[PDB]
Structures are given as C-alpha cells and as structure tokens.
Amino acid sequence: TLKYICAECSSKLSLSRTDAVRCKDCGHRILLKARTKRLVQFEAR
Amino acid sequence: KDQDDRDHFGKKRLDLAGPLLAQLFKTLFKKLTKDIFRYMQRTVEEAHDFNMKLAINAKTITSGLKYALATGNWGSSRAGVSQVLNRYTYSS
Amino acid sequence: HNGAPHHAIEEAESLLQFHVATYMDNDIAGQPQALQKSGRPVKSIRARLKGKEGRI
Amino acid sequence: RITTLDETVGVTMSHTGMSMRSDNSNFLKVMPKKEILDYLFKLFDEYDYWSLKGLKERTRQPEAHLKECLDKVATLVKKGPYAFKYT
Amino acid sequence: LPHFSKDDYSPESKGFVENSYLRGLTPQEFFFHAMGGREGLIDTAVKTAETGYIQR
Amino acid sequence: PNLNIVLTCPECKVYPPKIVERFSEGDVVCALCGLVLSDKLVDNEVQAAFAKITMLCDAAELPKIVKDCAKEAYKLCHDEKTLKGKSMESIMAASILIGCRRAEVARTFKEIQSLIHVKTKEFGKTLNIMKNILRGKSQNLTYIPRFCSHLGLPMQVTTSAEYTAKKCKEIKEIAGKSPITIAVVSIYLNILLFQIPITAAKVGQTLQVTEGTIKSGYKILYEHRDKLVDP
DNA sequence: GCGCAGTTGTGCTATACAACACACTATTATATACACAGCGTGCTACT
DNA sequence: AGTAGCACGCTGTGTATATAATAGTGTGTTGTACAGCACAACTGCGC
Ligand SMILES: [Zn+2]
Ligand SMILES: [Zn+2]
C-alpha cells in the first residue's frame with residue numbers, strides 16, 4: 001500500500017488499492033499524496 | 001430638434017447576472033411547465049399512472065443552466081457572456 | 001419499387017435532392033442547413049474549399 | 001422575500017430522490033342460449049341499436065360469444081352517432 | 001461636459017488643452033485628450049485592417 | 001485477406017521488429033542498427049428505449065457511469081427470446097437495477113419501485129432471467145451511508161453503523177430477514193447509543209420501515225450489545 | 001412590346017379507429033421464510 | 001366506576017418454487033378510411 005493524507009484533519013491514511021477514495025474518520029474525498037521520503041537536491045544558484 | 005443620438009449613454013442599459021439569469025431561467029421554466037403538461041396529457045389520455053418524480057424532470061433546468069454558463073451561449077442569440085476569470089494578477 | 005403514393009415519391013426525391021445538395025454546398029441561401037448531431041453545421045466540400053484556411 | 005431552508009440538507013435531498021416513500025396522495029391515480037338469443041332479439045325490435053356491452057350485461061356471457069351469434073342476426077354500423085352498435 | 005453651462009464655445013469648453021504634459025492636465029482636459037487618443041487607436045486599427053486587404 | 005502490415009529491418013532481420021517510435025521526429029526507427037523504418041507519421045426500438053431510460057436515470061440523479069452500464073446491459077438483452085415480454089417497463093427497471101449493482105452503487109427494490117410501478121414479483125422473475133442471460137453472455141453495507149444522508153447523521157454515526165452491520169452479520173441469528181431491516185435497525189441502535197433524537201416513528205416513516213419491525217430488530221440487537229462496541 | 005426605374009438579392013469584409021388474431025393469467029396444493037398491515041383486546045387515564 | 005383511546009400482539013396474505021387444467025378476455029398490430037457595404041440582376045409599370 002501507499003501512504004496518503006486527508007484533506008482537512010491531515011491524518012495519515014496509507015489506504016490500499018480498491019479502497020476507493022475516502023478519508024477514514026471524516027468524509028473528505030480529497031487525499032494528498034504524502035511527500036516522498038527520499039532526499040532531494042537543489043543548487044542554491 | 002437634432003437627430004437623436006444613438007450613443008448617448010443614458011439610453012443604454014447594462015445587464016448583469018440578474019437580468020441574464022432572469023431571461024434564461026424564464027425560458028427554462030416555460031419549457032419545464034410545458035413538459036409537465038405533456039406528461040399530464042399522456043397519462044390522462046392513456047389512463048396509466050401519475051407520479052411526481054416522473055412528471056418533473058430536474059436536469060431540464062439544472063443541466064440547462066449548467067450548460068449555458070459552461071458555453072456562455074444564451075440561445076446563437078448571444079455568445080461569450082460567460083468567461084473564465086483572470087487570475088493573472090489581483091488587479092487583472 | 002412498390003407502394004407509391006406519388007406524394008411520398010415526390011417528397012422522398014426532394015429529400016435525396018436536399019441531401020446531395022447540402023453535400024456539395026451547405027450554405028445555399030434560403031435553404032435549411034444540414035446540422036450534425038452536435039448542433040454544428042456540417043462542413044460541406046464547398047466549405048472546405050471556400051474561405052481562407054480552405055485548401056486553396 | 002425568499003426563505004432559505006437551513007436543515008442538514010440530507011433530509012431534503014432524501015425526499016428529492018427516490019425516497020422509498022410512495023403514494024400518500026392521489027392525483028389521476030386512474031338463461032341458456034335458447035332464451036338468451038330469443039331475449040336479445042326482443043331487445044333488437046325494442047332497440048334498433050345496442051352494444052355487446054349492453055348484451056353482455058343482459059346475457060352475462062363473454063362479448064366474444066355475443067359477437068358470434070349477432071353476426072348472424074345483426075349487422076354492425078361503425079359510422080355515425082350509433083357507431084359500434086348492431087342493427 | 002456637465003461642468004459647462006449650455007452654449008459655451010470657448011476653446012476651454014470645446015477641448016483646447018492649454019497645459020503641457022510636464023505641467024499636467026485638468027480633468028476635463030484629460031478626458032478630451034483621451035477622446036482624441038481613442039480616435040487615434042480606432043482609425044489606426046481600421047486603416048491597418050483595410051490596407052492589408054488592398055495589398056492583397 | 002492478408003492486408004496486415006508489419007515493420008521489419010531488412011539489414012537486421014535478426015528478430016521480428018524491436019523498434020522505438022519517435023513522435024517528435026514523426027518517424028519510427030529500429031533500435032539496433034538505428035535505421036528509420038517509417039516517416040511522416042500522422043497524428044427505432046433501441047433509441048426509444050434509451051430515450052425513456054435516459055429520462056428515468058436522470059430523474060433518479062444516478063451518475064452517468066451507472067446510466068451507461070444499464071444502457072449497455074439493456075442492449076445485450078434487447079429483443080432476445082427468453083425475455084418474451086414484460087412490456088418494456090420491467091426491462092427498464094431491471095436493467096437499471098443491474099447497472100446500479102454493476103456500478104457498486106446500491107438502490108433498494110423499493111426505491112426503483114418508486115420510480116416505476118413494476119408489480120413486484122413479476123419484477124423479480126424478469127430480473128432473474130436477465131441475470132441468467134448476463135452470466136450466459138460470459139452486500140448491504142453500501143446502503144448504510146445512504147440512509148444516514150436521509151437522516152443527515154454525523155460521520156462517526158455512519159462508521160459506527162458500518163461496524164455494526166459487519167458485526168451483526170457475523171453473529172448471524174435471523175440471518176437478516178432481508179438487508180433493509182438490518183441496515184435500519186443497525187442505525188437505530190447506533191443513534192440511540194448517541195444522544196441525537198430521531199425517536200422511532202420518524203425513522204420508520206422517513207425510511208419506510210414498519211415501526212414494529214424496528215423495535216423487534218432492536219430487542220435482539222440489544223441482546224448482543226456486548227460485542228458490538230467499537231471502542 | 002420595350003425600356004426604365006424601382007425593388008430585391010448576393011458575394012465578401014488583414015393519423016386514427018376498428019377488427020382480428022394470438023397469448024395469457026386466473027386457481028389449487030406444499031414445505032419454507034419472512035414481512036407487513038390490519039384488527040382485536042387489554043390497560044390506563046380522564047371525566 | 002365507567003368509557004374511550006391508544007398501544008401491542010397475533011393472525012392473515014404478499015413474496016417465491018414446481019406442476020397440470022382451460023377457458024374466454026385483453027392487448028397489440030395491421031389495414032382501411034377519412035381528412036454592413038456596394039453593386040448585381042429581375043420584375044413591374046408606363047408609354
Ligand atoms: Zn480525514
Ligand atoms: Zn535494424
């Protein structure tokens with residue numbers, strides 16, 4: 001499974017496939033994709 | 001007296017949302033009413049059934065307005081009345 | 001072939017003539033235009049040739 | 001003015017769509033053959049025009065049976081005020 | 001403009017603009033100068049659109 | 001008759017085609033010798049039925065996906081022998097309820113019965129034959145939130161009701177006597193747990209369940225109050 | 001019949017009613033359940 | 001203490017299965033009868 005976030009309560013979900021799309025603990029159907037864990041690099045230029 | 005001026009601004013009326021939606025919603029509601037009447041003729045002349053949900057069709061009005069504001073064509077008899085907002089800058 | 005009221009014939013003909021007509025030219029003056037199911041007027045061969053951005 | 005319904009909005013929609021609630025109001029809810037035939041004939045002299053309904057009401061027999069024998073004695077007129085009645 | 005009594009033909013009224021751009025313009029001046037500018041944009045669009053169609 | 005075109009590298013010939021296609025250059029090239037393979041890549045009954053069906057699903061506000069599943073279904077049945085009747089009212093309701101099922105949406109037999117008068121039992125037979133045809137051409141839970149809507153109940157109430165339905169089905173005992181009674185009773189329990197009044201007659205009316213039925217379900221459900229508690 | 005002076009016109013503008021034929025649904029039993037709606041009886045409250 | 005009203009409980013009929021009987025009755029289908037330029041061409045009117 002893959003980790004997501006709720007729209008409002010910002011709770012961590014990590015719902016799996018074939019769970020459709022909804023938050024547990026509230027009805028918001030807007031799920032954020034929960035930013036990547038691995039490191040990202042920039043040049044200050 | 002001089003020839004009347006066509007461009008005198010006091011003689012031009014502007015139409016915002018209200019008058020528009022008035023026009024359009026008028027002709028929608030006429031179409032609705034007329035449809036209910038047709039359903040009554042069909043069921044009474046054919047003596048079948050009357051049930052309010054079948055008699056009233058919501059998407060007539062609903063999808064009608066939704067459509068119009070999507071296309072912005074009032075009819076064409078009018079076009080481009082609706083335009084997606086410019087968020088370029090708060091001034092704009 | 002059969003069952004000809006001859007009022008139906010004369011109409012069915014006028015139908016054919018109409019289709020072929022708007023096939024070659026959709027915009028003939030005074031006649032009804034052929035409207036594609038979307039409500040847009042059909043683009044006839046003549047429309048394809050006629051204006052700027054036509055083939056020519 | 002116009003009044004804005006303030007409810008939880010769920011109840012109003014439930015009534016709108018299929019509600020599992022119906023009706024609750026009503027608007028546009030919409031003698032043997034020997035004596036039978038003899039009696040029917042006396043009606044025919046008594047009435048120059050009559051119906052399979054009037055005959056079935058009298059004879060308490062299906063209109064189909066009434067229509068068969070009547071074809072023999074009576075004839076049908078389908079045009080005029082008396083239309084659909086045997087003379 | 002509403003700011004002038006009727007039948008006033010003085011050039012201030014009929015649109016002479018006295019002040020140079022460096023000194024700035026009084027409002028009823030400014031408005032006029034906007035009218036002139038608009039004439040200048042309009043005709044320019046017309047001339048351009050027509051002249052090309054001559055060039056063709 | 002033949003007419004199928006395949007792309008092959010005459011210089012490679014080693015494999016069948018293994019190539020890449022370049023859309024920007026609009027050309028297609030063998031990935032091996034780097035040769036260009038191609039260039040200049042270019043960029044009456046029914047209609048009446050679907051009309052009235054359209055009206056019905058529309059008045060029902062069902063999302064287009066459901067509408068179109070039912071349309072598809074109905075096309076398959078169509079004129080077939082085995083159907084042998086039903087006057088076009090039964091088929092439209094059947095196909096609808098199918099498209100609801102297949103769409104994972106749920107609608108009660110009563111609800112559709114409110115859009116159309118199908119006489120009931122006749123409807124069941126038609127629905128079963130149609131179901132058989134679909135197999136030949138080869139779940140209450142959803143109802144629980146929908147009902148809350150009708151009552152406008154909080155989210156926690158709804159999820160509580162869901163836990164309640166799963167727990168009740170496992171514990172068996174009356175097997176449910178149709179799902180509808182269980183869904184409504186499950187709610188009635190959950191709400192009575194909480195302070196929010198609907199009382200009883202209001203839910204029996206509103207949701208069209210016999211008051212006696214709700215109370216009867218309530219006694220047995222009350223007995224198992226022990227194991228139904230989520231926290 | 002001919003000519004002249006209005007009007008038009010035409011491109012472009014970066015089905016209903018009646019009759020006949022064909023299909024059908026009413027009824028009776030049996031376990032099953034499960035359901036829903038009404039009717040009767042009992043209890044409580046008010047006069 | 002008596003009467004009326006309300007609530008609860010129990011009994012009856014829909015839902016579903018098969019299966020035969022056989023009507024006439026109802027529904028559907030088919031057949032018959034009745035009811036913005038600027039310049040270009042026609043046409044119309046007058047001589
Ligand atoms: Zn949430
Ligand atoms: Zn190659």
# chains A, B, ... in the order shown; residues from 1 in each chain; ligands from 1

$ residues_around --residues "residue 41 of chain H" --least-positions-apart "4" --cutoff "10 Å" --atoms "only C-alpha atoms (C1' of nucleotides)" --output "list in words"
residues 8, 9 and 10 of chain G

$ write_last_selection --atoms "C-alpha atoms (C1' of nucleotides)" --output "tab-separated table (two decimals), in the first residue's frame"
chain	number	residue	atom	x	y	z
G	8	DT	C1'	-34.84	42.57	-54.14
G	9	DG	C1'	-30.68	39.60	-53.73
G	10	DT	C1'	-25.81	38.25	-53.41

$ residues_near_ligand --ligand "ligand 2" --cutoff "9 Å" --atoms "only C-alpha atoms (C1' of nucleotides) and all ligand atoms" --output "PyMOL selection string"
chain F and resi 8-14+17-19+29-37

$ residues_near_ligand --ligand "ligand 1" --cutoff "8 Å" --atoms "only C-alpha atoms (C1' of nucleotides) and all ligand atoms" --output "list in words"
residues 5, 6, 7, 8, 9, 10, 11, 23, 24, 25, 26, 27 and 28 of chain A

$ select_by_dssp --residues "segment 57-130 of chain F" --states "helix (DSSP H, G or I)" --output "PyMOL selection string"
chain F and resi 57-59+64-77+89-102+109-115+121-130

$ write_last_selection --atoms "C-alpha atoms" --output "PDB file, in the first residue's frame"
ATOM      1  CA  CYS F  57     -31.937   7.608 -14.654  1.00  0.00           C
ATOM      2  CA  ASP F  58     -31.938  11.395 -14.984  1.00  0.00           C
ATOM      3  CA  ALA F  59     -34.862  11.870 -12.616  1.00  0.00           C
ATOM      4  CA  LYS F  64     -23.660   8.794 -15.934  1.00  0.00           C
ATOM      5  CA  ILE F  65     -21.488   5.740 -15.298  1.00  0.00           C
ATOM      6  CA  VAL F  66     -24.486   3.916 -13.823  1.00  0.00           C
ATOM      7  CA  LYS F  67     -26.752   5.119 -16.610  1.00  0.00           C
ATOM      8  CA  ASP F  68     -24.317   3.801 -19.191  1.00  0.00           C
ATOM      9  CA  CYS F  69     -23.825   0.448 -17.522  1.00  0.00           C
ATOM     10  CA  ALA F  70     -27.581  -0.015 -17.575  1.00  0.00           C
ATOM     11  CA  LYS F  71     -27.691   1.107 -21.221  1.00  0.00           C
ATOM     12  CA  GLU F  72     -25.024  -1.448 -22.103  1.00  0.00           C
ATOM     13  CA  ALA F  73     -26.894  -4.135 -20.162  1.00  0.00           C
ATOM     14  CA  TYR F  74     -30.183  -3.407 -21.889  1.00  0.00           C
ATOM     15  CA  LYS F  75     -28.586  -3.588 -25.308  1.00  0.00           C
ATOM     16  CA  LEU F  76     -27.461  -7.139 -24.586  1.00  0.00           C
ATOM     17  CA  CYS F  77     -30.950  -8.253 -23.560  1.00  0.00           C
ATOM     18  CA  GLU F  89     -41.416  -1.319 -18.020  1.00  0.00           C
ATOM     19  CA  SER F  90     -39.970  -4.370 -16.327  1.00  0.00           C
ATOM     20  CA  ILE F  91     -36.868  -4.400 -18.523  1.00  0.00           C
ATOM     21  CA  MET F  92     -36.074  -0.737 -17.932  1.00  0.00           C
ATOM     22  CA  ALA F  93     -36.250  -1.184 -14.175  1.00  0.00           C
ATOM     23  CA  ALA F  94     -34.364  -4.460 -14.266  1.00  0.00           C
ATOM     24  CA  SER F  95     -31.559  -3.099 -16.446  1.00  0.00           C
ATOM     25  CA  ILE F  96     -31.401  -0.060 -14.190  1.00  0.00           C
ATOM     26  CA  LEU F  97     -31.052  -2.070 -11.001  1.00  0.00           C
ATOM     27  CA  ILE F  98     -28.403  -4.111 -12.771  1.00  0.00           C
ATOM     28  CA  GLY F  99     -26.380  -1.069 -13.750  1.00  0.00           C
ATOM     29  CA  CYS F 100     -26.679   0.053 -10.149  1.00  0.00           C
ATOM     30  CA  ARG F 101     -25.278  -3.251  -8.922  1.00  0.00           C
ATOM     31  CA  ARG F 102     -22.529  -3.403 -11.537  1.00  0.00           C
ATOM     32  CA  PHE F 109     -36.035  -2.639  -4.859  1.00  0.00           C
ATOM     33  CA  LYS F 110     -38.482  -0.285  -3.142  1.00  0.00           C
ATOM     34  CA  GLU F 111     -36.714   2.830  -4.458  1.00  0.00           C
ATOM     35  CA  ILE F 112     -36.810   1.830  -8.111  1.00  0.00           C
ATOM     36  CA  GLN F 113     -40.284   0.635  -7.327  1.00  0.00           C
ATOM     37  CA  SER F 114     -40.966   4.295  -6.510  1.00  0.00           C
ATOM     38  CA  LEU F 115     -39.746   5.424  -9.885  1.00  0.00           C
ATOM     39  CA  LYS F 121     -42.926 -10.376  -8.115  1.00  0.00           C
ATOM     40  CA  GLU F 122     -43.120 -10.081 -11.857  1.00  0.00           C
ATOM     41  CA  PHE F 123     -40.051  -7.859 -11.462  1.00  0.00           C
ATOM     42  CA  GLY F 124     -38.131 -10.483  -9.563  1.00  0.00           C
ATOM     43  CA  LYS F 125     -38.660 -13.069 -12.273  1.00  0.00           C
ATOM     44  CA  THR F 126     -37.589 -10.681 -15.012  1.00  0.00           C
ATOM     45  CA  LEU F 127     -34.550  -9.635 -13.047  1.00  0.00           C
ATOM     46  CA  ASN F 128     -33.500 -13.220 -12.511  1.00  0.00           C
ATOM     47  CA  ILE F 129     -33.849 -14.185 -16.170  1.00  0.00           C
ATOM     48  CA  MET F 130     -31.849 -11.120 -17.170  1.00  0.00           C
TER      49      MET F 130
END

$ interface_residues --of "chain H" --to "chain D" --cutoff "12 Å" --atoms "only C-alpha atoms (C1' of nucleotides)" --output "PDB file with N, CA, C and O atoms (P, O5', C5', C4', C3', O3' and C1' of nucleotides), in the first residue's frame"
ATOM      1  P    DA H  23     -60.836 -24.883 -23.774  1.00  0.00           P
ATOM      2  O5'  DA H  23     -61.367 -23.386 -23.635  1.00  0.00           O
ATOM      3  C5'  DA H  23     -62.759 -23.113 -23.390  1.00  0.00           C
ATOM      4  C4'  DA H  23     -62.915 -22.280 -22.137  1.00  0.00           C
ATOM      5  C3'  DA H  23     -62.833 -20.773 -22.357  1.00  0.00           C
ATOM      6  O3'  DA H  23     -64.145 -20.213 -22.471  1.00  0.00           O
ATOM      7  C1'  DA H  23     -61.240 -21.419 -20.718  1.00  0.00           C
ATOM      8  P    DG H  24     -64.764 -19.907 -23.916  1.00  0.00           P
ATOM      9  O5'  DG H  24     -65.251 -18.396 -23.787  1.00  0.00           O
ATOM     10  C5'  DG H  24     -65.754 -17.879 -22.540  1.00  0.00           C
ATOM     11  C4'  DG H  24     -64.707 -17.021 -21.873  1.00  0.00           C
ATOM     12  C3'  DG H  24     -64.620 -15.585 -22.401  1.00  0.00           C
ATOM     13  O3'  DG H  24     -64.368 -14.658 -21.337  1.00  0.00           O
ATOM     14  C1'  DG H  24     -62.540 -16.654 -22.696  1.00  0.00           C
ATOM     15  P    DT H  25     -65.125 -13.245 -21.316  1.00  0.00           P
ATOM     16  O5'  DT H  25     -64.010 -12.219 -20.808  1.00  0.00           O
ATOM     17  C5'  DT H  25     -62.965 -12.676 -19.948  1.00  0.00           C
ATOM     18  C4'  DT H  25     -61.677 -11.920 -20.218  1.00  0.00           C
ATOM     19  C3'  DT H  25     -61.852 -10.546 -20.860  1.00  0.00           C
ATOM     20  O3'  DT H  25     -60.785  -9.703 -20.459  1.00  0.00           O
ATOM     21  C1'  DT H  25     -60.569 -11.844 -22.258  1.00  0.00           C
ATOM     22  P    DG H  26     -61.041  -8.151 -20.173  1.00  0.00           P
ATOM     23  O5'  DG H  26     -59.521  -7.667 -20.311  1.00  0.00           O
ATOM     24  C5'  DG H  26     -58.463  -8.566 -19.999  1.00  0.00           C
ATOM     25  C4'  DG H  26     -57.257  -8.311 -20.886  1.00  0.00           C
ATOM     26  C3'  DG H  26     -57.173  -6.903 -21.469  1.00  0.00           C
ATOM     27  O3'  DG H  26     -55.815  -6.560 -21.668  1.00  0.00           O
ATOM     28  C1'  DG H  26     -57.256  -8.411 -23.207  1.00  0.00           C
ATOM     29  P    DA H  33     -62.271   0.965 -46.592  1.00  0.00           P
ATOM     30  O5'  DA H  33     -62.902   2.244 -45.865  1.00  0.00           O
ATOM     31  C5'  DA H  33     -62.962   2.296 -44.447  1.00  0.00           C
ATOM     32  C4'  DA H  33     -62.797   3.722 -43.953  1.00  0.00           C
ATOM     33  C3'  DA H  33     -63.164   4.803 -44.964  1.00  0.00           C
ATOM     34  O3'  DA H  33     -63.621   5.956 -44.274  1.00  0.00           O
ATOM     35  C1'  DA H  33     -60.959   5.082 -44.370  1.00  0.00           C
ATOM     36  P    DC H  34     -64.816   6.835 -44.867  1.00  0.00           P
ATOM     37  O5'  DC H  34     -64.522   8.166 -44.031  1.00  0.00           O
ATOM     38  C5'  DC H  34     -63.910   8.073 -42.750  1.00  0.00           C
ATOM     39  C4'  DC H  34     -63.017   9.272 -42.491  1.00  0.00           C
ATOM     40  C3'  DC H  34     -63.363  10.519 -43.294  1.00  0.00           C
ATOM     41  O3'  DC H  34     -62.989  11.674 -42.557  1.00  0.00           O
ATOM     42  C1'  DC H  34     -61.208   9.905 -43.805  1.00  0.00           C
TER      43       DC H  34
END

$ residues_around --residues "residue 27 of chain H" --least-positions-apart "5" --cutoff "12 Å" --atoms "only C-alpha atoms (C1' of nucleotides)" --output "PyMOL selection string"
(chain F and resi 87) or (chain G and resi 20-24)

$ write_last_selection --atoms "N, CA, C and O atoms (P, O5', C5', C4', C3', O3' and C1' of nucleotides)" --output "compact mmCIF listing (two decimals), in the first residue's frame"
# COMPACT_ATOMS: atom_id res chain seq x y z
N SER F 87 -43.25 -5.88 -21.37
CA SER F 87 -43.94 -4.66 -21.78
C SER F 87 -43.05 -3.43 -21.80
O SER F 87 -43.57 -2.33 -22.02
P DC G 20 -63.24 -8.95 -37.89
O5' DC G 20 -61.92 -9.84 -38.09
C5' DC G 20 -60.76 -9.25 -38.66
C4' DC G 20 -59.50 -9.86 -38.06
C3' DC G 20 -59.67 -11.25 -37.47
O3' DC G 20 -58.45 -11.96 -37.57
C1' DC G 20 -58.94 -9.84 -35.81
P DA G 21 -58.45 -13.53 -37.89
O5' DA G 21 -56.97 -13.84 -37.37
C5' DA G 21 -55.98 -12.82 -37.42
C4' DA G 21 -55.02 -12.95 -36.26
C3' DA G 21 -54.92 -14.35 -35.65
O3' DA G 21 -53.63 -14.54 -35.11
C1' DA G 21 -55.61 -12.89 -34.01
P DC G 22 -52.91 -15.97 -35.21
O5' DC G 22 -51.84 -15.73 -34.04
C5' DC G 22 -51.38 -14.42 -33.75
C4' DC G 22 -51.09 -14.26 -32.27
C3' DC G 22 -50.79 -15.56 -31.53
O3' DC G 22 -49.91 -15.29 -30.44
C1' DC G 22 -52.63 -14.58 -30.56
P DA G 23 -48.97 -16.44 -29.87
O5' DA G 23 -48.51 -15.86 -28.46
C5' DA G 23 -48.60 -14.45 -28.18
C4' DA G 23 -49.11 -14.23 -26.78
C3' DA G 23 -48.76 -15.33 -25.78
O3' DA G 23 -48.40 -14.76 -24.52
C1' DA G 23 -51.11 -15.06 -25.86
P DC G 24 -48.07 -15.70 -23.28
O5' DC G 24 -48.38 -14.77 -22.03
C5' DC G 24 -49.24 -13.62 -22.16
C4' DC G 24 -50.43 -13.75 -21.23
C3' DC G 24 -50.20 -14.67 -20.03
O3' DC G 24 -50.74 -14.09 -18.84
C1' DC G 24 -52.07 -15.42 -21.25

$ interface_residues --of "chain B" --to "chain D" --cutoff "7 Å" --atoms "only C-alpha atoms" --output "MDAnalysis selection string"
chainID B and resid 47:50

$ interface_residues --of "chain F" --to "chain G" --cutoff "10 Å" --atoms "only C-alpha atoms (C1' of nucleotides)" --output "mmCIF file with C-alpha atoms, in the first residue's frame"
data_model
loop_
_atom_site.group_PDB
_atom_site.id
_atom_site.type_symbol
_atom_site.label_atom_id
_atom_site.label_comp_id
_atom_site.auth_asym_id
_atom_site.auth_seq_id
_atom_site.Cartn_x
_atom_site.Cartn_y
_atom_site.Cartn_z
ATOM 1 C CA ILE F 174 -32.161 -14.351 11.915
ATOM 2 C CA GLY F 176 -31.127 -10.584 8.428
ATOM 3 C CA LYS F 177 -34.711 -11.088 7.135
ATOM 4 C CA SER F 178 -33.657 -9.013 4.138
ATOM 5 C CA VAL F 209 -39.704 0.675 7.773
ATOM 6 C CA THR F 210 -42.559 -0.625 9.901
ATOM 7 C CA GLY F 212 -42.909 -2.757 14.814
ATOM 8 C CA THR F 213 -40.072 -4.056 12.677
#

$ closest_residue --among "G:4, G:17, G:43, G:12" --to "chain D" --atoms "only C-alpha atoms (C1' of nucleotides)"
G:17
